[PDB]
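1. task: produce atomic coordinates for the following.
(chains A, B, C and D, ligands or ions: 4)
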There are 4 protein chains.
Amino acid sequence: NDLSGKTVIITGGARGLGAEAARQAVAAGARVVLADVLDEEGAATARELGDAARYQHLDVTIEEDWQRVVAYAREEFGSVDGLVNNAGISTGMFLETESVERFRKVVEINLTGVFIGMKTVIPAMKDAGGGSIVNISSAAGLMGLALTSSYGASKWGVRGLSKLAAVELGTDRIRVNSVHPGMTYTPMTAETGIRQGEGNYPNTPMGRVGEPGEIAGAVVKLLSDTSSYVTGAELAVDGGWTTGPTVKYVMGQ
Amino acid sequence: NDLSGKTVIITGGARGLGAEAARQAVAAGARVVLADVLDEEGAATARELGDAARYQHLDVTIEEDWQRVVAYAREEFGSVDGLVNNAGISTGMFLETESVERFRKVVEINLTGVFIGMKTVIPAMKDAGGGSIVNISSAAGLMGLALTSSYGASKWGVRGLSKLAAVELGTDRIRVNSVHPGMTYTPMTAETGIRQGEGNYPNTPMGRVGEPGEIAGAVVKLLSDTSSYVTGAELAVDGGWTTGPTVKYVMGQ
Amino acid sequence: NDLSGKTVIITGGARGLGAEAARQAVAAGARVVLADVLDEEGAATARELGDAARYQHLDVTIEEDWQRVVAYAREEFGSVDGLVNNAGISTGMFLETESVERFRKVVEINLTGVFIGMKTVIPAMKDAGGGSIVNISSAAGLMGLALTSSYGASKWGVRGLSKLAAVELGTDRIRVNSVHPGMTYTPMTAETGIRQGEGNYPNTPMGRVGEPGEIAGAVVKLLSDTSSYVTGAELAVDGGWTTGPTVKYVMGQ
Amino acid sequence: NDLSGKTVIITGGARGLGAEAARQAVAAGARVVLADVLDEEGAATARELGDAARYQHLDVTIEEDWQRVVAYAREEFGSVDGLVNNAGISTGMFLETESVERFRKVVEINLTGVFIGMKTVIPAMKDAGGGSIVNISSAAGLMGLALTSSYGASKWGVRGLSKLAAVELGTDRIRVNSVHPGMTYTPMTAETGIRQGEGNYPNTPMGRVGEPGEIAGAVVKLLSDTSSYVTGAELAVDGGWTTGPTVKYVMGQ
Ligand SMILES: NC(=O)c1ccc[n+]([C@@H]2O[C@H](COP(=O)([O-])OP(=O)(O)OC[C@H]3O[C@@H](n4cnc5c(N)ncnc54)[C@H](O)[C@@H]3O)[C@@H](O)[C@H]2O)c1
Ligand SMILES: NC(=O)c1ccc[n+]([C@@H]2O[C@H](COP(=O)([O-])OP(=O)(O)OC[C@H]3O[C@@H](n4cnc5c(N)ncnc54)[C@H](O)[C@@H]3O)[C@@H](O)[C@H]2O)c1
Ligand SMILES: NC(=O)c1ccc[n+]([C@@H]2O[C@H](COP(=O)([O-])OP(=O)(O)OC[C@H]3O[C@@H](n4cnc5c(N)ncnc54)[C@H](O)[C@@H]3O)[C@@H](O)[C@H]2O)c1
Ligand SMILES: NC(=O)c1ccc[n+]([C@@H]2O[C@H](COP(=O)([O-])OP(=O)(O)OC[C@H]3O[C@@H](n4cnc5c(N)ncnc54)[C@H](O)[C@@H]3O)[C@@H](O)[C@H]2O)c1
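-> Residues are numbered from 1 along each chain as shown, chains lettered A, B, ... in the order given. Ligands and ions are numbered 1, 2, ... in the order given. Here you go, the structure:
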């Protein structure tokens, strides 16, 4: 089913979701390339992953870093079959509050970054007769989420980017889809005081926050050939956060 | 790698989409109950599946039936863990041309039908501590498709009914999502003029209609625990059809 | 500035959003034909509305009344230029707690009833050289709302069905759009527990339920020639109910 | 009808949609502050609009410029009651074809430009007790349109920026909606061979391209109190371009 024999570059794979996806894909047969700004950790992720993994330094906003890392894959593995655009920075504040400078920063990573990744990897995949680009968006890209400011703007952008890219590359067998994670447990969200566990996140239909491995599974599905006719699609992995409001809220929560 | 060891019932499982979902389910371990109105074929398909498959006549618009085949799976197999609502019919005419007689018929099978399946298996799956209901909607449920009238109206109804159900059953570990396949090659479509293969369906970004086995892959995945944090979702398997207009169309020509 | 000088039929016209529209639609100078099953109230309403109004009986489920009423509007006013599909019933219970007979009766009125209206009115408006059909869907037809069961199903139904009719009738200059009202104060919802007034409904961005006049104004925008290039569109009037979750919910309501 | 006895600022006011909105707003009784980079044409227009029009130079990507113009608007007309974020630039090329510096250029204006717009203008609106921000998006922000690249990513970003702002500014009585015009008759499109007139646009359900005033009419609606309950909505003025493919395309023609 969801098996591999390909080379997938994972951006933001030094930690959290990115590493998890790497771990899962390597565990599925793919040879991965981790790319992050977090070097020390990254190589540590690679080193633990095994021989199917290499770590590469990559600043998602620098076209040259992309060009170099994409090239490193073709050389070091023979091809580039998958791209998982995960690297990004978040926002937790009201619109008027956010500085235009920071707005611009966040939008650079989250949006313009996946674009540089796309246009850059596209030729390598054309070279390989098709490929899969999985754009990790957010639940903030599926509905208006209070307090996401620049992050909301950029996750909506990634959703349209995937879609229009999907219609342009279909004939080249280049698949492009977006995955949308809801509240996930990570030491970082743990720092927000987010508790993992059934009953611990009542404001999402499933009453709980998700796990990194849960989102990682859907990334692999879209990397595998079991989804050979899926493109310009959006997959929400949020325990129903974006589907509709919690019952309690429909009454008075 | 989406696995199984549970019992799932596949409505509309005689021929086409249903049968292949049944097929793929079995190859992953699931115990399947092909329910259908088409008794001869459906019985043969179960025959071709093996011991992992039971057939059951079921006219989806009959509450009594659903209660019977669910009961049967319960007794026959010890549980109900998956329900793939695929048994529908189709509308191939303009709205002003259609008779309220056919409209009622299409809606009744395509919409009310899945409602009953859902209302019936819910306790079955509460007893099992969770489940997965995959309502097979269509591209007609994701946009306005000319010539689908009742089939389309009912497919939007089915997309929506999947969502409100997901918010109510989240806490019960029951997961409702919708699969929306595009143009599939079927001897009927073949007859209706549909050619299978590359460049054989230019009016979809990917340039071809999908093989029935390409949809089935997506159904099996949402049935699996690989997607445990996935509810109130809508997956489209249509080679870009529903994402946006084809380049040529964007240009006119 | 929205103005009308044409004939328009409003279903569910005896009261609520329906009658409010009739008032405003006459204020804009249209000739309205109210239609309802509540004939006592209905005639009374048309009386208060004056001479630009005519009450006709219409059991939205009986294709005959549609014909009788559509024949009348044309003969009494020479043309049928608008149709506001407002008649409908509600649902407030957990899905698996709704009988299939009720499920069916609600769909019949909310879904098929708008269909019979579209088909019947089409030729009439074609003879008039165009027209405007406004289907009063719901905020329940824009996301998965809990406890709406049948009402949800049909509302998603009414939304998708407007889109195909829009694509089909676009060249006949017959415009079709759907209006989606969120929580609104109507004496019926009063007999629900709903309150009109500031902060009285904290679970929608704006803080309170809307008034009937807020909805009618929109229906009239789309019923007018100001929205001449508008078809296949969905206008939510719900104080952001549908737009995304409330700031409080977003933080741990 | 829609009356606007208030003061609203229009970006990209020198020409096109911006201008046609200015005329209709001033006609609705609004006091207008046109803003743009094209000082030459901008001045002329304001003049031709009357003593209810003022032209302010404003480069949409510069905060000082915004800070300046909104201030001037407060002094001059005593308040800021509306904002139509219309300034922007387009794109006509394949993603893999467009440069990073260009992508940036375009995002900055269409997305970042609207952010600084909203941020700056919010305090003025709280001051007044409410307001209406109309973010002019595009059909490109509602689906995957090929060749829009940076324009498409930014118009999708604008769609979600508006929705999040609306959840956060609900109780402040500041409404935020997105207008999404499709193909429009404009000498720009005209140089492209786009002919105005019925039948002249096959690939849109309505069989033709729209006029600026058709879109200008929706702006005045959202800006007016007539839409006091609309927030976080999206309105497509596009002849059904976004609601499913054209019948011909459905029939594989
Ligand atoms: N719970 C969540 O954290 C959550 C919620 C919703 C959506 N998501 C999406 O899932 C993705 C992964 O979530 P996460 O918690 O693992 O995030 P994370 O922040 O823990 O990890 C993402 C990685 O991106 C890296 N990165 C940042 N800037 C970079 C740059 N410019 N170049 C290269 N790499 C860079 C970071 O250094 C980090 O290690 C996120 O990007 C987010 O958009 C996450
Ligand atoms: N245009 C299309 O055909 C199309 C496109 C996309 C998705 N789909 C989806 O798949 C289904 C149609 O299935 P298909 O295309 O594989 O072929 P199909 O139309 O042959 O349907 C599959 C089965 O449903 C059965 N069925 C009909 N009425 C039934 C009833 N009342 N009770 C039980 N079973 C019944 C049929 O006999 C058949 O065995 C629909 O549910 C639809 O959502 C269809
Ligand atoms: N009020 C809200 O908050 C709200 C929200 C979303 C959607 N809606 C929808 O708006 C429409 C009605 O709004 P309302 O507030 O005026 O409600 P209402 O029910 O108070 O009044 C509308 C009318 O529907 C009529 N009706 C029912 N069956 C009929 C039939 N068979 N033939 C003819 N008329 C029939 C009733 O007689 C009634 O006069 C319905 O579709 C409702 O579902 C209302
Ligand atoms: N063919 C079209 O013109 C067309 C069609 C559909 C949608 N749209 C969209 O609708 C809006 C207006 O369309 P239009 O028909 O008026 O097109 P237009 O390009 O003639 O007008 C856009 C205006 O933005 C101004 N502008 C650019 N950068 C600016 C900045 N930095 N600060 C201030 N002003 C700036 C331009 O100089 C121009 O006057 C745009 O956002 C556009 O994306 C345009």
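2. off-centre distance for stretch A:159-174?
-> How far stretch A:159-174 lies from its chain's middle: 16 Å, per C-alpha atoms, centre = their mean, to the nearest Å.
3. no, scratch that, I was asking about stretch A:38-47
-> Centre to centre, stretch against its chain (C-alpha atoms, centre = their mean), the figure for stretch A:38-47 is 18 Å.
4. give me the residues contacting it.
-> With C-beta atoms under 8 Å, 6 or more residues apart in numbering or on different chains as the test, stretch A:38-47 has contacts from A:13-15, A:19, A:22, A:34-36, A:53-55, A:57. Just so you know, the C-beta spots here come from the backbone N, C-alpha and C atoms, and that holds for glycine as well.
5. packing partners for the host helix or strand of residue A:213?
-> Assessed by DSSP states H and E, residue A:213 sits inside helix A:212-223. Helix A:212-223 sits against helix A:16-26, strand A:82-85, strand A:131-136, strand A:174-181, strand A:234-237, with contacts defined as 3 or more C-beta pairs under 8 Å, 6 or more residues apart in numbering or on different chains; DSSP states H and E.
6. ok and it relative to strand A:131-136, angle-wise?
-> Inter-element angle recorded for helix A:212-223 and strand A:131-136: 150 degrees (by axes from the mean of the first three to the mean of the last three C-alpha atoms, to 10 degrees).
7. hey, C-alpha coordinates of helix A:212-223 in PDB?
-> Only the C-alpha atoms of helix A:212-223 are listed here, as PDB (Å, rounded to 0.1, in the frame of the first residue of the first chain):
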ATOM      1  CA  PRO A 212       2.800  14.100  15.500                       C
ATOM      2  CA  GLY A 213       2.700  10.500  14.300                       C
ATOM      3  CA  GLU A 214      -1.000  10.900  13.400                       C
ATOM      4  CA  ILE A 215      -0.300  13.800  11.000                       C
ATOM      5  CA  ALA A 216       2.800  12.000   9.700                       C
ATOM      6  CA  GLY A 217       0.700   9.100   8.500                       C
ATOM      7  CA  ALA A 218      -1.400  11.200   6.100                       C
ATOM      8  CA  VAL A 219       1.900  12.800   4.800                       C
ATOM      9  CA  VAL A 220       3.200   9.300   3.900                       C
ATOM     10  CA  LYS A 221      -0.100   8.300   2.200                       C
ATOM     11  CA  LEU A 222       0.200  11.300  -0.100                       C
ATOM     12  CA  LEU A 223       3.900  10.400  -0.700                       C
END
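8. re the thing from before, closest one of the contacts of stretch A:38-47 to residue D:228?
-> Taking C-beta to C-beta as the measure, residue D:228 lies nearest residue A:15 of the contacts of stretch A:38-47, at 46.6 Å.
9. tell me which helix or strand residue A:188 sits in.
-> Applying DSSP H and E as the criterion places residue A:188 in helix A:187-190.
10. flag every residue of the stretch 101-250 of chain A that's near chain C.
-> A:143-147, A:203, A:240, A:243-247, A:249-250 (C-beta under 8 Å from any C-beta of the partner chain).
11. okay, the residues you listed in JSON lines with distance to residue A:231, secondary structure and neighbour count next?
-> Output for those, formatted as JSON lines (distance: C-beta to C-beta, whole Å; DSSP: H, G, I helix; E, B strand; the rest coil; neighbours: other C-beta atoms under 10 Å in any protein chain shown):
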{"residue": "A:143", "distance to residue A:231": "23", "secondary structure": "coil", "neighbour count": "23"}
{"residue": "A:144", "distance to residue A:231": "26", "secondary structure": "coil", "neighbour count": "28"}
{"residue": "A:145", "distance to residue A:231": "26", "secondary structure": "coil", "neighbour count": "26"}
{"residue": "A:146", "distance to residue A:231": "31", "secondary structure": "coil", "neighbour count": "26"}
{"residue": "A:147", "distance to residue A:231": "32", "secondary structure": "coil", "neighbour count": "21"}
{"residue": "A:203", "distance to residue A:231": "32", "secondary structure": "coil", "neighbour count": "20"}
{"residue": "A:240", "distance to residue A:231": "24", "secondary structure": "coil", "neighbour count": "29"}
{"residue": "A:243", "distance to residue A:231": "23", "secondary structure": "coil", "neighbour count": "29"}
{"residue": "A:244", "distance to residue A:231": "26", "secondary structure": "coil", "neighbour count": "27"}
{"residue": "A:245", "distance to residue A:231": "30", "secondary structure": "coil", "neighbour count": "27"}
{"residue": "A:246", "distance to residue A:231": "32", "secondary structure": "coil", "neighbour count": "23"}
{"residue": "A:247", "distance to residue A:231": "35", "secondary structure": "helix", "neighbour count": "17"}
{"residue": "A:249", "distance to residue A:231": "34", "secondary structure": "helix", "neighbour count": "21"}
{"residue": "A:250", "distance to residue A:231": "35", "secondary structure": "helix", "neighbour count": "19"}
